[PDB]
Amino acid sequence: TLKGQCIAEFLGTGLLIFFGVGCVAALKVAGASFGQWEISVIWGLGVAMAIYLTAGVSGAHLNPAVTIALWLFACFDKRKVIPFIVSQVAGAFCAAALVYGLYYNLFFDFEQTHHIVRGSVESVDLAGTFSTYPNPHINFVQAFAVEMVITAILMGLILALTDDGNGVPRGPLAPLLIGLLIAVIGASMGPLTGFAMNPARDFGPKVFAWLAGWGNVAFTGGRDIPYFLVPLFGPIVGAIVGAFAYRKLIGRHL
């Protein structure tokens, strides 16, 4: 039932963001010690749990880029395309809100302690608690390239791991392995754009931050070209390229 699938996608994506934005809020406003690998592994395992919870129902896309790619390469009913995306983005929105609710006091106290004007350019750092932003040394096109390449690897490997005709089937290991993949991607490329590779994961929370007092910098990141466009279309282009790559270079030889 399509209604039960949209619900799962809503809970899955939200669950996913709950852990991700949560551990990052603890790092930013709670003074918790986290390394590049810790933040990555937590994001990865969060997604792994999000999958185990919703896989049996919606198939656990929990990613607009993934939904679109499966539609164009995995025979995924297009009628279910938009419903999924609207659910995925909605869950990411609510999750970010919920995480903000539990960390409410820590955000305000932190900003007062370090004289941070929420909404200003200098506040983009705490805004990074919800969505991704470009590294200081790279630009729009560079950031678009990174998100594209990584999402391709994500989609490409997801298919490989889920492809039962590829080596010994992983069975119940697939979800966990997909989480570890996300872990290593965020540890090797994270410093560049925050390994968004999920339109819903970035736009949803971004919209929340925008409402939560961060204003326009939540979308722009304090740059000339509105940054939100990168985590929005970058993952999509990559998810397709990656999906195509697997089918040709690997699938065709199985």
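Residues carry their position along the shown sequence, with the first being 1.
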Pick between 39-47 and 220-228: the one whose mean CA B-factor in the entry is higher. 220-228
Could you check the entry and say whether 86-94 or 69-77 has the higher mean CA B-factor? 69-77
Select lowest, middle or highest to describe the third in which the CA B-factor of residue 19 falls within its chain in this entry. lowest
Can you tell me which third, lowest, middle or highest, the CA B-factor of residue 243 falls into for its chain? highest
Ranked by Cα temperature factor within the chain, is residue 118 in the lowest third, the middle third or the highest third? lowest
Would you mind checking where the Cα B-factor of residue 176 ranks among the modelled residues of its chain, as the lowest, middle or highest third? lowest
Would you please rank residue 134 by its C-alpha temperature factor against the other modelled residues of its chain and give the third it falls in: lowest, middle or highest? lowest
